[PDB]
4 protein chains.
Amino acid sequence: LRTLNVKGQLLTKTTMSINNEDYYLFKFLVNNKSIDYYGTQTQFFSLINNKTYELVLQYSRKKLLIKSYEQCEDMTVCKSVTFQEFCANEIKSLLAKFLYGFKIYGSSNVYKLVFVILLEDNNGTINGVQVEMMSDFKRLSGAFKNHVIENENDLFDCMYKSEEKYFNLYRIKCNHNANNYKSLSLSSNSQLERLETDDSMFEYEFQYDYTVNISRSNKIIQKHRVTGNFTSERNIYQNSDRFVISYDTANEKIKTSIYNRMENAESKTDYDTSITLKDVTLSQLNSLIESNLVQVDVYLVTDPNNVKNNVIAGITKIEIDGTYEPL
Amino acid sequence: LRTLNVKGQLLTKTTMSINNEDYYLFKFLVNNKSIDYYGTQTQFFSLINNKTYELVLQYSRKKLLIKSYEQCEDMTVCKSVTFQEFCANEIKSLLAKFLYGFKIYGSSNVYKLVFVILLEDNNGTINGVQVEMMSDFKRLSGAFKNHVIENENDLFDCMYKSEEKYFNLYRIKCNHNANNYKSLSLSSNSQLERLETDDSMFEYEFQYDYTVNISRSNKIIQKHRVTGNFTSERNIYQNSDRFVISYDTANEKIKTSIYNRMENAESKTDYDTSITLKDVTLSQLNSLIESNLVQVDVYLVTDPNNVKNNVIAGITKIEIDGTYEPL
Amino acid sequence: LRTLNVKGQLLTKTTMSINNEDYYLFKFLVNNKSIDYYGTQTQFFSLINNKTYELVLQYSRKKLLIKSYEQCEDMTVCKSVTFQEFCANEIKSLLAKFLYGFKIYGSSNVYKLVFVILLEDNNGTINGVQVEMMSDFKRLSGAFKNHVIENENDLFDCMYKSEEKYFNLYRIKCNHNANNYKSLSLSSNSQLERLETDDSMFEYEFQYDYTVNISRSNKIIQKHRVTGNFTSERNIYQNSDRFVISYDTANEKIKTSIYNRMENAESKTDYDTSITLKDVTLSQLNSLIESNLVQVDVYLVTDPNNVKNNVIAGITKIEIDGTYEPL
Amino acid sequence: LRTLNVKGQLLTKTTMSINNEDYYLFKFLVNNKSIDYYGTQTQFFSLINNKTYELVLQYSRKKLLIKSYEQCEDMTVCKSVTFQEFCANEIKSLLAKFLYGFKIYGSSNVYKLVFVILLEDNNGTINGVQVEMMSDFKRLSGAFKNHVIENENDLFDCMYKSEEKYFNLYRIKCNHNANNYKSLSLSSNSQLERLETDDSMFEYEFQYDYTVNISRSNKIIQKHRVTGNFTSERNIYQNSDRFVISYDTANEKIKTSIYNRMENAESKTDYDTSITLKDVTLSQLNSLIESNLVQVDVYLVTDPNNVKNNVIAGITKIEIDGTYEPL
DNA sequence: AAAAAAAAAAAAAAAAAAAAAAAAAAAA
């Protein structure tokens, strides 16, 4: 049984059970590539996160796994991104601004964070724009550094407690859609760190102001806090199934319109039941708000010039208990 | 668990099943706004429709739901509408005339009723005009009062049995399209009631005569009963896919032309298969008619001055069995 | 379940699949009218084309369909058409000359054949003129007799292999446009047959010479074979978007000009992308021709007296492989 | 106890134990139909495979079983198949070419072989195309002739040792899916034989070249040998759970994408655990390859014209030991 | 059953409507 030697960082330990057997996996970063390895219980407790190691691996029982480890020792993050870098789809690190993050409405697990990043145009000037980092739940939970996340409430806590704080993003895969839509993405070997600025630098916060968003066409995602009435009328048309919504911020009336479809792997009855549960939840939401049982934040895809289209990106509910209801 | 108290009408009880669990929803009208609440089985059987209630609600298990109820007790309907009211898009009640209702041709569920209402112009005179209340199937089924509807056959029965009868419309949202097109719409908290006139008043039926329609430009929807031949030739042109139809009423030859398109969420093969099923159905329709197996009613958008355009709005089939084939 | 009995020809069997179910349709000609019927798999294989049948039909499961069939047994074609017959828009049969057929340039499926027919004027003399039978692809594929067509290559093969041959046209609906434009059209129950003359009669081929065309105003469609250079310069003007083309036949320089518009159901980006793909295809066409990779036939609407207007009707490409590129 | 007499081939003897009792079954081919019979231990050892017999059967103890047997004595295989034969779903024999066979990725037992067969089109010419014979493990093990198979390693040995060899297929049920997908299937009474050509005929091997595959739409399954890096990034989207894979053949970079779903009889935790085991296996696969511990063959559903879709059909691992790891 | 499938932006709807010839544009 020949062995291998490898030096690399660790990212996140994980355990699981299959047919009355226990597997312990370690997500070691080797040569800037994520590779998972098997380990024992002492390996599970002993190893700490984000600290590099040296390992000997022996291919026993069909699998590579950790035989022995030795503690070892080992960051520069770009403050801007070039248009050509987004074109080239090159993995990168960044210093960005974490605005706010919501669970995409009517989606099981695909959360979405909003980041302000300094984009450098073809001319060469750097300005702060908006980007939308989608991510599944587990990748987000295992990607946050210096935090421990087990359920959606923990994720929402780590979001809200960190609102407006400055994030260091490690190995966020930038990508460029078919049209001129630019967005980050959170890869397995990627990580997020709260920089804990405490006004360490203030000369940069002037730059981090968003006038447009480069992930959508002429639209920006903004957060509103629902103050008063929340009317939500379903409207089934010949083609679409809209949710025409009108609500009251602290400043202005807002007229949004959620949309609906049947996903390809859905049935006529499952989709209809899910939609009617959504509708009853929205209907009860107004009475819940007026009596201060819950508070509601609506992150909507507004178009400041043309308010004819204001599709809600996602709704979230901060309850009196303290748990967060995704919705 | 703090509680709320609310007095309001009930509209329609409903039950559903999600992953081996039962949800019972009640569509309570609170402060002239539809709000749905959860309930138990005894709540489902005990409560009757259209009868108001007093309720105590307690926010348990993420949801508002009915804890206890107390029977309580509690209509003026406008006989006309103002042009400015259509402009303002104000919800309203009405006394209208139910001409006839058809399932929009080549549409899964968006039925359409035809109503005669007394419109008051800018001058101030009231005359009877035509309006087109579209609605999805379930809203129609839950909106009819003193009727029980479970399937399309029940809906068509409630329509045909009520032809030419006078309807009281509660909270029908009037609306005004981009151009001078005016139409009703059936909101969640809206209802329809057969007034059961029995010639209670006849001095008003003189007014309810339609010379034009305010939902289309210079066109009126009329019902014809197909007597003789029903020729239906498909004609695929450079731009359109017409269905040139010629048929025989009890009075006159009619030369209509159905149209076709691919809806945005459709494929080149699904649309083609749907169209060829439509074509084979129309082709068999003539032989079906001539042998008295079925009877056919064609509601067409005629223009009495200019018969160059007679797009069929919808076809319906009354079979020998008694069921209604939408088509 | 009462039944019907009917004797009629069959035209074309067809099969299709809808949500994991199979429909088999037979296009039976009953009383000189096309009617489609449903059938089973043995019905699909057993029945042969163009051979009449006797059928018993029973209205089961919402649909007329074939229960049993019995083999049965059963043409005079007019050699001329009267001006009044074109005026009256009367369906008719004909003996005509198939010149050539092209896919209308920049059109998804509306092919167009060119026929020489003997028109009888108001005076009473019969002379050979040109007519333009448009047709969608599937009607053409199902309309050719003694041929099997599945894709555009088969259609082009059936055209080119039959060039200059004499066609018997069954039930071609003649029609007369708003102005003095006369054209055939290919109805569902219509058919085309290669007569296979083999110089059966030659005294008639003297008549079949076209001096004008009755589907256009003073213009005739003619086929040219591109020999040398094919220059194609786009020219976007204040109103039109021309494609000024100059090419070299075996005899003469030709200066055509294709035109462009946005169809009503098109977008500013889709139309522009389609146009630039057309332009790159035309630009590469010259280099393709000069190296004998493909051969090109241009059917253009020439006006022999006035060459100031020579709009190309359609281009077609015979490749080295043998497949036909519509363009 | 009346008895029966029957003459038929034998296919595969089998033994099993139920509650401390032994059952011995013989898969006798009677009148080209598989029928299983019970027997005794001497029956188990005495009878040889593929050799016909005469048997007397007596219905004792609820079951037909072999009382006595007498040795007896008894093939023409079609070299082509007609399109109509695939349409008719008729069992058939064939002479085909065994390309390669893999265990369908993420499937417990449904292996899949790839065969080149001479299809005769509607025109009448015979050309070599690709077909995909799925089969469960035990049917494959009992279907191979002149081979003994007990575990997956034996099956993979019988595959790889027989790569590119010519197979005689007995009673392979051809079938035709809803769309134009044509595929073989391995029935109980079906068998496979290595013909052992040894260049017996070479004039036919020119025909056996695959340009397309008739079991998929415009795609062909091909085998690649992974030479260098094997990157496998999981990507959980709003709808799909892709495994975007990039690897290095001996010639070209390849960008495949495995897909994932929850089968209907699966749970949210079992599916997630299975997927994360798949992901850790793929992650370790690269390090395994680079150190020559294992070799990897990826059979992928490529589309040569459009590489935008390259779903891996199946991965297989040839280890240094000699055993084959299915994966 | 097995093939197919990059997502993730963008989206008021719902009236209206024979088509298919014709045409050089740009000055004034």
# chains A, B, ... in the order shown; residues from 1 in each chain; ligands from 1

call {"tool": "select_by_dssp", "arguments": {"residues": "segment 147-208 of chain B", "states": "helix (DSSP H, G or I)", "output": "PyMOL selection string"}}
result
chain B and resi 152-160

call {"tool": "closest_atom_pairs", "arguments": {"of": "segment 149-201 of chain B", "to": "segment 3-17 of chain E", "cutoff": "10 Å", "atoms": "only C-alpha atoms (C1' of nucleotides)", "output": "Markdown table"}}
result
| residue | atom | partner | partner_atom | distance |
| --- | --- | --- | --- | --- |
| B:177 | CA | E:14 | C1' | 8.3 |
| B:178 | CA | E:13 | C1' | 9.5 |
| B:179 | CA | E:15 | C1' | 8.7 |
| B:180 | CA | E:15 | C1' | 9.9 |
| B:181 | CA | E:15 | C1' | 7.8 |

call {"tool": "residues_around", "arguments": {"residues": "residue 88 of chain B", "least_positions_apart": "6", "cutoff": "10 Å", "atoms": "only C-alpha atoms (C1' of nucleotides)", "output": "list in words"}}
result
residues 82, 174, 175 and 176 of chain B

call {"tool": "interface_residues", "arguments": {"of": "chain E", "to": "chain C", "cutoff": "9 Å", "atoms": "only C-alpha atoms (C1' of nucleotides)", "output": "list in words"}}
result
residues 19, 20, 21, 22, 23, 24 and 25 of chain E

call {"tool": "write_last_selection", "arguments": {"atoms": "N, CA and C atoms (P, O5', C5', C4', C3', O3' and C1' of nucleotides)", "output": "compact mmCIF listing (two decimals), in the first residue's frame"}}
result
# COMPACT_ATOMS: atom_id res chain seq x y z
P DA E 19 -53.07 38.10 -41.80
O5' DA E 19 -52.59 37.33 -43.11
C5' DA E 19 -51.80 38.00 -44.09
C4' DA E 19 -51.85 37.27 -45.41
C3' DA E 19 -50.52 37.14 -46.12
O3' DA E 19 -50.57 36.08 -47.06
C1' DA E 19 -51.86 38.78 -47.19
P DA E 20 -49.21 35.44 -47.62
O5' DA E 20 -48.79 36.40 -48.83
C5' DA E 20 -49.51 36.33 -50.05
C4' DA E 20 -49.14 37.49 -50.96
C3' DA E 20 -47.65 37.66 -51.25
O3' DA E 20 -47.46 38.00 -52.61
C1' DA E 20 -48.52 39.66 -50.41
P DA E 21 -46.24 37.36 -53.44
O5' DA E 21 -46.27 38.16 -54.82
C5' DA E 21 -45.51 39.35 -54.98
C4' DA E 21 -46.42 40.56 -55.08
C3' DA E 21 -45.72 41.84 -55.47
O3' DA E 21 -45.75 41.99 -56.88
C1' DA E 21 -47.36 42.17 -53.72
P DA E 22 -44.51 42.68 -57.64
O5' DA E 22 -44.45 44.16 -57.04
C5' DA E 22 -45.44 45.11 -57.39
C4' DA E 22 -45.34 46.34 -56.51
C3' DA E 22 -43.97 47.01 -56.49
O3' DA E 22 -43.89 47.96 -57.54
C1' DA E 22 -44.77 46.73 -54.26
P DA E 23 -42.47 48.32 -58.20
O5' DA E 23 -41.67 49.05 -57.02
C5' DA E 23 -42.09 50.33 -56.56
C4' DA E 23 -41.32 50.73 -55.33
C3' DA E 23 -39.81 50.76 -55.50
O3' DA E 23 -39.42 52.02 -56.02
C1' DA E 23 -40.38 49.64 -53.48
P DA E 24 -38.06 52.15 -56.86
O5' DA E 24 -37.00 51.32 -56.00
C5' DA E 24 -35.63 51.31 -56.37
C4' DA E 24 -34.75 51.60 -55.17
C3' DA E 24 -35.45 52.27 -54.01
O3' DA E 24 -34.66 52.13 -52.83
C1' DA E 24 -34.12 53.85 -55.13
P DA E 25 -35.30 52.38 -51.38
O5' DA E 25 -34.41 53.54 -50.75
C5' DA E 25 -34.30 54.78 -51.43
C4' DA E 25 -32.96 55.43 -51.15
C3' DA E 25 -32.97 56.45 -50.04
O3' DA E 25 -31.65 56.69 -49.59
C1' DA E 25 -33.03 57.51 -52.18

call {"tool": "closest_residue", "arguments": {"among": "C:120, C:321, C:290, C:266", "to": "chain B", "atoms": "only C-alpha atoms"}}
result
C:266

call {"tool": "interface_residues", "arguments": {"of": "chain B", "to": "chain C", "cutoff": "10 Å", "atoms": "only C-alpha atoms", "output": "PyMOL selection string"}}
result
chain B and resi 231-240+261+269-270+273-274+276-277+279-288+291+293+319+325

call {"tool": "atom_distance", "arguments": {"atom1": "atom CA of residue 79 of chain B", "atom2": "atom CA of residue 172 of chain B"}}
result
13.4 Å

call {"tool": "residues_around", "arguments": {"residues": "residue 295 of chain C", "least_positions_apart": "4", "cutoff": "9 Å", "atoms": "only C-alpha atoms (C1' of nucleotides)", "output": "JSON, numbers by chain"}}
result
{"C": [225, 226, 227, 288, 289, 316, 317, 318, 319, 320]}

call {"tool": "write_last_selection", "arguments": {"atoms": "C-alpha atoms", "output": "tab-separated table (two decimals), in the first residue's frame"}}
result
chain	number	residue	atom	x	y	z
C	225	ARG	CA	-27.01	29.77	-61.65
C	226	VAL	CA	-24.31	31.83	-59.97
C	227	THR	CA	-21.08	31.31	-61.92
C	288	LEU	CA	-17.78	29.20	-51.04
C	289	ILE	CA	-18.80	29.48	-54.70
C	316	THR	CA	-30.78	28.03	-52.57
C	317	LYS	CA	-27.53	26.11	-52.11
C	318	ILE	CA	-26.70	22.67	-53.50
C	319	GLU	CA	-23.77	21.44	-51.45
C	320	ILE	CA	-21.07	18.95	-52.41

call {"tool": "select_by_dssp", "arguments": {"residues": "segment 38-86 of chain B", "states": "strand (DSSP E)", "output": "PyMOL selection string"}}
result
chain B and resi 38-39+53-58+66-71+81-82

call {"tool": "closest_residue", "arguments": {"among": "D:201, D:133, D:155, D:275", "to": "residue 2 of chain E", "atoms": "only C-alpha atoms (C1' of nucleotides)"}}
result
D:133

call {"tool": "atom_distance", "arguments": {"atom1": "atom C1' of residue 28 of chain E", "atom2": "atom CA of residue 241 of chain C"}}
result
23.6 Å

call {"tool": "residues_around", "arguments": {"residues": "residue 94 of chain B", "least_positions_apart": "5", "cutoff": "12 Å", "atoms": "only C-alpha atoms (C1' of nucleotides)", "output": "number ranges by chain"}}
result
B: 75-82, 115-119, 166-174, 184, 190-193, 195
